[PDB]
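A structural walkthrough
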Amino acid sequence: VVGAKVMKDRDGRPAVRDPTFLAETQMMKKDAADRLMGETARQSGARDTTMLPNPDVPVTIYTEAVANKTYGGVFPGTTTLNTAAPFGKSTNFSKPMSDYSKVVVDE
Amino acid sequence: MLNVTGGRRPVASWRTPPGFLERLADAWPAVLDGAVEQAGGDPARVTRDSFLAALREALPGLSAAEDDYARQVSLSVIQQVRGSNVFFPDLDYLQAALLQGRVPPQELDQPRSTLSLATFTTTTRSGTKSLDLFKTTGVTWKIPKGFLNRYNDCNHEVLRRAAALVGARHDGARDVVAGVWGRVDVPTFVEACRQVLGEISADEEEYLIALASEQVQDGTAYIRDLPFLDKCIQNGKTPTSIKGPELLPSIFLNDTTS
Amino acid sequence: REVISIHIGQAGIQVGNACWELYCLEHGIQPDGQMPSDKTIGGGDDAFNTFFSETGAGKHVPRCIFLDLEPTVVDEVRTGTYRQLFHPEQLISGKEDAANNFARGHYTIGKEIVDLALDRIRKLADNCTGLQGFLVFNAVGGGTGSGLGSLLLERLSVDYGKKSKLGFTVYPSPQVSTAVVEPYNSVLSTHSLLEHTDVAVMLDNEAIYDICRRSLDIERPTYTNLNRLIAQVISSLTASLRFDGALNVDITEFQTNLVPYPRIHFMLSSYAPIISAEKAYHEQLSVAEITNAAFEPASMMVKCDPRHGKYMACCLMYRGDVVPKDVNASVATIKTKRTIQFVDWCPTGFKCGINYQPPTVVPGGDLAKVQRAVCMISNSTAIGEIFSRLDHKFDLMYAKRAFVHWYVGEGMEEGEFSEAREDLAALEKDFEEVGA
Amino acid sequence: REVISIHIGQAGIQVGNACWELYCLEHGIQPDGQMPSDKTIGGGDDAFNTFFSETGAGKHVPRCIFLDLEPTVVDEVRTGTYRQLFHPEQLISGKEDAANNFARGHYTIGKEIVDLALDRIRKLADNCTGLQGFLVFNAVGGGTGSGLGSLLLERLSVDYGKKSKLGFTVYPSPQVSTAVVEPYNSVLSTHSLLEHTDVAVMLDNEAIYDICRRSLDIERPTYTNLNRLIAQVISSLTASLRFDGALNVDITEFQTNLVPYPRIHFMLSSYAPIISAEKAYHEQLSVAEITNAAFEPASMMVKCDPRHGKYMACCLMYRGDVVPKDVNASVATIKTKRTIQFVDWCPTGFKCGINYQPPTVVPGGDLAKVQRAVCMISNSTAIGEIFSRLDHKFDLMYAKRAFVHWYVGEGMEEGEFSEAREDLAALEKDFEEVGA
Amino acid sequence: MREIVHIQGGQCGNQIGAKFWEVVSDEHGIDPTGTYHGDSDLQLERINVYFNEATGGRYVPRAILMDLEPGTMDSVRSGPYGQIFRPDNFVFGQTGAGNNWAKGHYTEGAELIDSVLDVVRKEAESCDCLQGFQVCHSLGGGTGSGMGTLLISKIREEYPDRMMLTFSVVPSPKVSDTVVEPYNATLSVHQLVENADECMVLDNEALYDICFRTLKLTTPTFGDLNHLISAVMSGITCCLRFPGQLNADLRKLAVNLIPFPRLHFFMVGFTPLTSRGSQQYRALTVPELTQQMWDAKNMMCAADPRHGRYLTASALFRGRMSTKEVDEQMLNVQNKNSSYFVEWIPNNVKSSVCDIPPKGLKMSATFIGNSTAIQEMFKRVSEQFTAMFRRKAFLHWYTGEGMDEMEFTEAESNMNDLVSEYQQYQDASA
Amino acid sequence: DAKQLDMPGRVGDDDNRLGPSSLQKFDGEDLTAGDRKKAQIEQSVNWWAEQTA
Ligand SMILES: Nc1nc2c(ncn2[C@@H]2O[C@H](COP(=O)(O)OP(=O)(O)OP(=O)(O)O)[C@@H](O)[C@H]2O)c(=O)[nH]1
Ligand SMILES: Nc1nc2c(ncn2[C@@H]2O[C@H](COP(=O)(O)OP(=O)(O)OP(=O)(O)O)[C@@H](O)[C@H]2O)c(=O)[nH]1
Ligand SMILES: Nc1nc2c(ncn2[C@@H]2O[C@H](COP(=O)(O)OP(=O)(O)O)[C@@H](O)[C@H]2O)c(=O)[nH]1
Ligand SMILES: [Mg+2]
Ligand SMILES: [Mg+2]
């Protein structure tokens, strides 16, 4: 039996832990708290993330944004048709008029 | 190695001696026996020295250049793969390389792109992609005749319905930043367009399917940007950066107008 | 945003052969020249435009010129696996070596090779439209890298004048040294490396050796491992031009925020995490400790000790899983700690930068695939310690007129020696006086 | 909150390796690093954070640095079962020993290893954020345990100072002994152990041999069994940091409640019940008798009889099914009994601590699964007996200047011999005066 | 009727503007497609203040984006509510100032500002009755600070009557990005004290402090900092757009807060803002809004108000409230903390109420307090500026462009006498 | 009993009332970080097993 941090209170009563308050008052990080109490924190705050189709791409904050299609809105950037390399700079709108690759779909 | 994915690496392609291929064609079933019985009975344990000796005994033959060619080709083949470089990874790979005269054989090449009279088909990482000529280039599609008049009046209802189809609560604008508008499937988009514009001719509908199937992201099944798809369909133009090797000349040199 | 990269010397184009292999991998370009079959109809990124140019039918010919005098290493490039990647004209190559002889490379063979070199670069800049700057690659040990290197930088500065020329140079290490006349070459080169380079970045070899010995635990490292991680540093400070980030810095920012006086441009680079695949398995990667790891002298790219010096300014390129939240927290802890100290005249001595794309691995490389990384480019007075360390062993050999007959025979005189020596003396006085 | 433990010497890392086996078993850590959630019935929590750090990818590395000069025993750790648990980078191993020599271990070799050690510990302390304190494990008999063990403690007091440095040392036994130069080693170590250790706890080996002979009745023990029950002591005095109980006592209280003067920190220790698997079933374990049994000299961890001394203060850690009522009753009847006596000027000579979690067993160890246990840490004048007995046989050997040429050849002189002798003399005057 | 032309300068300007136009678009119920979708009619009558009806229910914002780097514009156009701006209003250069105020004020500004002036003038006379211009920019970068500052001076010379708000973030040493932050902030502030009508000093230091202590978020990206500043801007102009029992336009607030023409630097806050763990335990009353509004750890500047005196203060409330409760709370706050308020101005608190809350909230508030604790910020910047300028560090990057030494001397002297006039008004009596 | 008849400002995570204009729901606070870290761990384990092999 692994020992918990705060097992029982002064009375003989088991302790149900509040992970949200911990995540608020930074007594532990939220990324750690959810994994450590995956049962309550999923009921308390947490839900699963959307994954990219290709697992070779690293999974980071911006990759999760571009996965669940909130990339351009939440994060200042440009959405890309490709998904293997999402953060490729695309400047179709800002390209000068006489550029050799410039379409006028937006204008 | 032959079962590897096969990449576009440039080749060396020594010129082969003339009477060599027709003699290897009937000699190699014996050279495979010789190399194996010299290597101890199992494949993938043949040294290039043992292979050269088995070749020299199986084909007595072997004028100077005809032997030097085999020796040089075997040397290149053994260095192809990073590692120990003490044995041969694949005897069939070596045989094919010796027949073709190319360090990397014809069998390890790419799949290519089929170009029937109108269409252009590319087998890609995720499925196949197709482009139909006589009605498009890479950048500009040929808009149907009576479509824009009917689309520009009921333009916005199309997306209102397209989001309602995928579950957008149109009262609050929270869902747009939530990202439900981001994910829209192609048949759902065309069904919303049908429900908005009524009867959609097969030609105009195919135009819509083509443009949406372009704008959809690779991998996932849903489009990237709906309000951008709006101006896309309106303008009849696409941000495709159509590439070079075999599609770019075939569009603009061939006569696809009539 | 577009930047062209010229390589001067046998060390320059071996670095370039590692850098361009990394760039083709970061943009998915197959070594024969063009993107795979997936991206033929719709394509994608459009990020490559700052290094490659989409030519003809499915080809991306990079924006660089390898130039050397012996045809050995250049023809090795011409016959390697990147036969198709580089346009034949760009890979310049002379006929005979400068042979560790600054005078030979600056007065004898330069006069016929540099005109062809800069008449190529001119048509590269004309194909360009929004040229950010040039970036040069040279080792000041040899003759080609130093001799016509100095001649090229001079004629580039007379043709363009104010354009930013990032100079990633390689000095001779103090103890690990491969030549004898390299002090003469280094001193005569630095008199023009001072005056024509906009921002110079020092890269000594024994520092990178200790990195591979200690961190990556490669017990027997060859030059390809060094050039690999040098390419990683170049990639990490240009990724802001290539991929979009939350807080971007271009080439113009380095000139702005790291050069407090036009004669002080010598940057001790660094990088973190330089971790093998097993130590990565044991050690966690968070922004706080890799920011700390980028500051210790056991992870810098130049064998010098900043504890003897005072930081003038600092630049920090972050890549990958990085939020401005914790990088502000980390630089906070750094500025409150006192184990390192800044110059009084700079009170806000940092400049951060964040990019989204994490660094890549190269198959055959030994670094592990990480989610985040940091590349520091600082400025201090440890550099002023380096020049005097080199100045002393130049004055040793020059006191007995050793090897002088070679240079005087090739076309120079001894006034160049005296003037290059007193220049280093003046630059030493400059560094001591700024650090006060 | 975090506490990181350093180990100095061949006994240091053997103790360290019994402790870390016990810790991994207590928090359910498989030796390859991760914990299987299925197998451990206990509820999950972040109690482990004070020893293990969540590193890499689902991995826990201890907050520890073994350091030794011989590569033998350290490389033996690197080949043992816990290969993947520790870093390869935290086990610091020299190339040549100190070889039973404070001099060789304090002047010659320490000056090379101490810089790498404490400039690694800075990176562990940087990873921590709520660092409680360091705790050192060492035997003063050897060379590296004494010499650079004192050099480490000295530079720790300079670098950090206010962070608590708990000391668990191993003094040579009076009659059972393994070395000859150990008096010189122990004396020259304890002069600095005075003014640099915060709280020191003595641990003698013949006392523990007595325990395993009498109580656990293992007639042929090894150092492992000694290491095992010493780890029981360490685990039971950090259990309040790890698992919260009814009345917790952290690492900052021993300093407060047991150190009445800044130059008086030497603590007898004990443990009860130390009971095999067959006396466990028969004997009914209750709080009263285990509080009694932890007070006789037949159950202490130091060969000394406090009946000749006066208890200056005491500290009682309890684990398991202990209510505050009966522990208060037991400490009451001890206070009333006159077989032991407390110093007059200290009326309230106790500090209790209570933790719910019972002490765990090591399958294959000799102890049985126990409901409740006591770990006492007291302070008395019997320690004044120990140092004086040791001082007698140091001057015995020093009278003929035996072995001195070893130290003088290493770089010492005779002054520190004299001042370390009279320093123990002053301390003896201190303990004899405080006991008044 | 009364109109607000929005101007966004630089990267920070554009990203704040993007979240701002998202917030306003949700308040008025217009979707990413630029058409109306809302339910209440009360949303339609006052979108002339921000939009222009184009064709069949198509409203394009009255904004002008201006910067010097393509990445910022694409971040604008690519996100949702990005395809609603008019491409003509995207005046835009592509060299890049790069943290160089001189570049943003003499080389690139001097030739790009005329095209910006075309777009802003064209959009200024696109409406009937200007209420004022609303410029949102930063003081750290160059393309925001330098070009924005020249834009301010040119606009104030063309249209001197209309109002002029400027939301400017100031570089703070605690979270200090670039190195030449003081060289840009000092010169920019000197121009702001002579051209802008009123300024609202933000800073990322207090914004981060809010998201940590009060909101208690875990990953406060720049999206939320823009979220906060945007909510402040919306709260400022709620009174123009919605009917209230006591209205307060921009010019009404300015005349109630600015006692002297040079003294127009405000500190701002917002209410309510509570963590999601603590939103279960709270109530929604006017006292519950005031206790968080006047809280020193809820200001959006890094100046503790109890280090000085509140010269004037203002509060804009939204929701079904009682004016007696509003005025009694302001009176109680003014009477308890009777030392932090200036003596020679009785009744230092202007107040106003509007009946339309934000979508989903029951009640909200917005605070604008013109204090004399703002000279803490300017002294904190000026000390770094004089630290470098005693030693001509980084000075060549400006001097080699057209700037001289006298510009720095006068900029420091203007900063010096401003904090001097704030000290004298703080130590004045009656 | 206005206080007693009134709903809390935010009820949980998914709430139809709470749009972007109302400041009760912030995107920057993410409840998915916990599982995102798990995904990171899986990626790293796979990558480094491959590299070691
Ligand atoms: N960092 C690094 N330095 C290299 C590498 N290869 C060669 N060098 C350096 O090159 C210096 C000598 O000059 P080289 O590049 O070999 O030859 P060169 O500069 O072209 O001069 P010449 O021999 O006259 O042609 C030595 O100091 C080496 O340190 C490399 O792969 N990496
Ligand atoms: N209590 C206890 N003491 C030990 C143990 N192992 C070694 N020792 C003691 O260690 C003391 C000598 O130091 P060592 O650890 O053997 O050697 P060292 O500390 O590395 O010093 P050098 O041999 O000079 O390098 C002796 O007095 C032993 O009694 C152990 O497992 N338990
Ligand atoms: N609140 C906020 N501040 C920002 C943002 N982007 C940058 N900053 C701050 O602005 C300063 C640099 O501004 P900068 O981007 O150079 O301004 P610009 O380039 O002229 O648009 C830094 O100190 C940042 O902290 C943002 O999106 N929001
Ligand atoms: Mg060379
Ligand atoms: Mg030993």
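Calculation rules
- Sequence positions in this view are assigned from 1 along each chain in the order the sequence is written. Entry numbering can differ, and residues without coordinates are absent from the display.
- Naming scheme: in the order in which they are written, chains are lettered from A and ligands are numbered from 1.
- For clarity, the chains displayed are a part of a larger assembly, and the values are limited to that part.
- Note that the side-chain values use all heavy atoms of the structure and ignore hydrogens as well as water.
- UniProt positions are given in the numbering used here, feature names are shortened, and annotations may be inferred rather than shown by experiment.
- By definition, any uninterrupted DSSP run of H or I lasting at least four residues is a helix, any uninterrupted run of E lasting at least two residues is a strand, and each is numbered from the N terminus.
- Relative accessibility thresholds used throughout: buried, under 20% of the residue-type maximum; exposed, over 50%; partly exposed, between the two (1.4 Å probe, protein chains only).
- Should any heavy atoms of two residues lie within 4.5 Å, those residues are considered in contact.
- Under the rule applied, a polar contact is a pair of N or O atoms within 3.5 Å (in protein, one hydrogen donor and one hydrogen acceptor; residues adjacent in sequence only if both atoms are side-chain atoms).
- Only strands that DSSP links by at least two bridges are regarded as paired with each other.
- Note on method: axes are straight lines fitted to C-alpha atoms, helices fitted across the in-contact stretch only, with angles between N-to-C directions ranging 0 to 180 degrees.
- Multiplying 1.5 Å by the helix residue count minus one yields the expected span of that helix.
- A residue's bend is given by the angle between axes fitted to the 7 residues ending at it and the 7 residues starting at it.
- Grid points spaced at 1 Å and placed over the protein atoms alone form the basis of the search, with a cavity being a set where a 1.4 Å probe fits but cannot get out and a pocket an open set showing protein on both sides within 12 Å along at least five of seven lines. Lining residues have an atom within 4 Å of a point.
- Grid points are joined across faces, edges and corners, and a volume is the space filled by probe spheres set on the points.
- Ten residue types, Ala, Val, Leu, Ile, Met, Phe, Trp, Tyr, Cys and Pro, are classed as nonpolar, four, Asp, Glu, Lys and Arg, as charged, and the remainder, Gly among them, as polar.
- Note on ring pairs: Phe, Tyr and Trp rings are taken, using the six-membered ring of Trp, and paired if centres are within 6.5 Å. Classes follow the plane angle, with under 30 degrees stacked, over 60 edge-to-face and the rest tilted.
- Here, over-ring charges are defined by two tests on the NZ atom of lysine or the CZ atom of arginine: distance to the ring centre within 6 Å, and angle to the ring normal within 35 degrees.
- Values labelled buried area give the accessible surface lost by two parts on being combined, using a 1.4 Å probe and summing over both.
- Salt bridges are identified by distance alone: a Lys or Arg side-chain nitrogen within 4 Å of an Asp or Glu carboxyl oxygen.

The record lists cryo-EM as the method behind this PDB entry and 3.4 Å as its resolution.

If you check the PDB entry, chain E appears there as Tubulin beta from Chlamydomonas reinhardtii. In the PDB, the title recorded for this entry is "Natively decorated ciliary doublet microtubule". Comment text from UniProt for chain E, heading Subcellular location, reads "Cytoplasm, Cytoskeleton".

As annotated in the PDB entry, chain B carries the name RIB30 and comes from Chlamydomonas reinhardtii.

Focus on the UniProt feature "binding site: Mg(2+)" in chain E
Under the UniProt annotation, the feature "binding site: Mg(2+)" is placed at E69(E). The residue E69(E) is located in the loop between β4 (63-66) and α2 (70-78) in this model. By relative accessible area, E69(E) is classed as partly exposed at 24%. Discounting residues that sit within four places of it in the chain, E69(E) has contacts with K89(A), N248(C), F92(E) and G93(E). Only 2.6 Å separates the side chain of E69(E) from the backbone nitrogen of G71(E), close enough to count as a polar contact.

Considerations on the sheet that holds strand β6 (residues 163-169) of chain E
Residue and element names in this part refer to chain E. The strand order across the open sheet formed by nine strands is β4-β1-β5-β6-β7-β8-β11-β9-β10, and the pairing between neighbours is mixed. One side of each edge strand has no neighbouring strand; the edge strands of this open sheet are β4 and β10 (349-354). Each strand axis lies, on average, 20 degrees off the axis of its neighbour in the sheet, ignoring direction. Pairing of strand β5 (residues 129-138) with β6, which is carried by seven bridges, proceeds in the parallel orientation. Residue pairing for β6: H137 is matched across the bridge by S168.

Some details on helix α8 (residues 223-242) of chain D
Residues and elements named next belong to chain D. For α8, spanning 20 residues, the distance from its first C-alpha to its last is 27 Å, which sits close to the expected 28 Å at 1.5 Å a residue. Remark: the principal bend of α8, roughly 30 degrees, maps to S236. The buried fraction of α8 is high, at 17 of 20 residues.

Let's talk about empty space enclosed by the protein
Of the pockets and cavities examined, the largest cavity occupies roughly 230 Å³. Every residue lining the largest cavity is counted, 20 residues in all, and those nearest its centre are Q232(C), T360(C), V361(C), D366(C) and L367(C). Ranked by residue count, the leading element in the lining of the largest cavity is helix α8 (residues 223-242) of chain C, at four residues. Considered class by class, the residues forming the lining of the largest cavity number 13 nonpolar, four polar and three charged. Its boundaries defined by the atoms lining it, the second largest cavity holds a volume of some 180 Å³. As for the second largest cavity, its lining consists of 16 residues, of which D244(C), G245(C), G71(E), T72(E) and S75(E) are closest to the centre. Secondary structure elements with two or more residues in the lining of the second largest cavity: α1 (10-27) and α2 of chain E. It is α2(E) that contributes the most residues to the lining of the second largest cavity, four residues altogether. Each residue belonging to the lining of the second largest cavity can be placed in one class, and the counts come to one nonpolar, 11 polar and four charged.

Things to note about the packing of aromatic side chains
One pass over the structure, following the stated rule, counts 77 aromatic pairs over all chains. Aromatic side chains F134(D) and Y160(D) sit 5.5 Å apart centroid to centroid with 45 degrees between the ring planes, which places their arrangement in the tilted category. Within this pair, whereas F134(D) is found in strand β6 (residues 131-139), its partner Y160(D) is found in the loop between α5 (147-159) and β7 (164-170), the two being separated by 26 residues in sequence. For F134(D), a relative accessible area of 1% puts it in the buried group. Looking at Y160(D), the relative accessible area reads 19%, which means it is buried. Cluster of aromatic residues (ring-pair linked, three or more members): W20(C), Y23(C), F51(C), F52(C), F66(C) and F86(C). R224(B) extends its terminal NZ or CZ atom over the ring of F228(B), reaching a point 5.0 Å from the ring centre. A cation over a ring is seen here: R401(C) above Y398(C), with NZ or CZ 4.6 Å from the ring centre.

Regarding the interface of chain E and chain C
Facing the 26 residues of chain E at the interface are 27 residues of chain C. Summing both sides of the interface, chain E and chain C together bury roughly 2,500 Å²; the carbon and sulfur share of this comes to 54%. Here chain E is connected to chain C by one salt bridge. One salt bridge connects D177(E) with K351(C), and the closest N-O pair in it is separated by 4.0 Å. Across the contact surface, chain E and chain C share eight residue pairs in polar contact. For the side of chain E that touches chain C, the secondary structure elements donating two or more residues are α6 (181-195), α7 (204-214), α13 (375-389) and α14 (396-399) of chain E. Of the residues assigned to the side of chain E that touches chain C, the class counts are 13 nonpolar, eight polar and five charged.

Section: the interface of chain E and chain F
For interface size, the figure often reported is the accessible area lost on association. Between chain E and chain F, the residue contacts involve 26 residues of the former and 18 residues of the latter. It is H227(E), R276(E) and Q279(E) in chain E that bury the most area against chain F; as a group they hold 28% of the surface buried on that side. In this assembly, chain E and chain F are joined by one salt bridge. The tally of links from chain E across to chain F stands at eight residue pairs in polar contact. Contributing elements (two or more residues each) for the side of chain E that touches chain F: α1 and α8 (222-236) of chain E. Tallying contributions element by element places α1(E) first for the side of chain E that touches chain F, with five residues. Its residues assigned to classes, the side of chain E that touches chain F shows 11 nonpolar, eight polar and seven charged.

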